[PDB]
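> sequence, then the experimental structure. Questions to follow.
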Amino acid sequence: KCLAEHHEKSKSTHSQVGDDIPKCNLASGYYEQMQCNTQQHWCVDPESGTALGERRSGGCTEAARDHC
């Protein structure tokens, strides 16, 4: 779903931005894996969809990888 819409929009026309969308790791294809944003950046679990780490640090991948 998230990939189908995100991809369909990214391909269709010149608009392929990813910020206010349901971040879903291609690993499983669910939006309950990771949740990165332009201003925020947090992670979740497929079990239910709850947070695992904190939400406050420089950059996204930086804190996401360093400690979610």
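Thanks, I have it. Residues are numbered from 1 along each chain as shown.
> how about the helices in the chain?
Taking DSSP state H, the helices of the chain run over residues 2-11, 61-67.
> buried stuff in the first one?
Same thing as helix 2-11. Buried positions in helix 2-11, judged by neighbour count with 16 or more other CB atoms under 10 Å: residue 6. C-beta: built from backbone N, CA, C; applies to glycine.
> ok, and what's touching that helix?
The set of residues external to helix 2-11 that reach it, using CB atoms under 8 Å, 6 or more residues apart in numbering, is 15-16, 18, 21-24, 26, 29-31.
> repeat that for the last one.
Helix 61-67 is contacted by residues 34, 36, 41-43, 53-54, 56-57 when judged by CB under 8 Å, 6+ apart.
> most neighbours, which of the residues you listed?
Within the contacts of helix 61-67, residue 41 tops the neighbour count with 23 neighbours, counted by other CB atoms under 10 Å.
> skipping adjacent residues, who's closest to that one in space?
Nearest residue to residue 41 in three dimensions, chain neighbours excluded: residue 60, at 3.8 Å (CB to CB, 6 or more residues apart in numbering).
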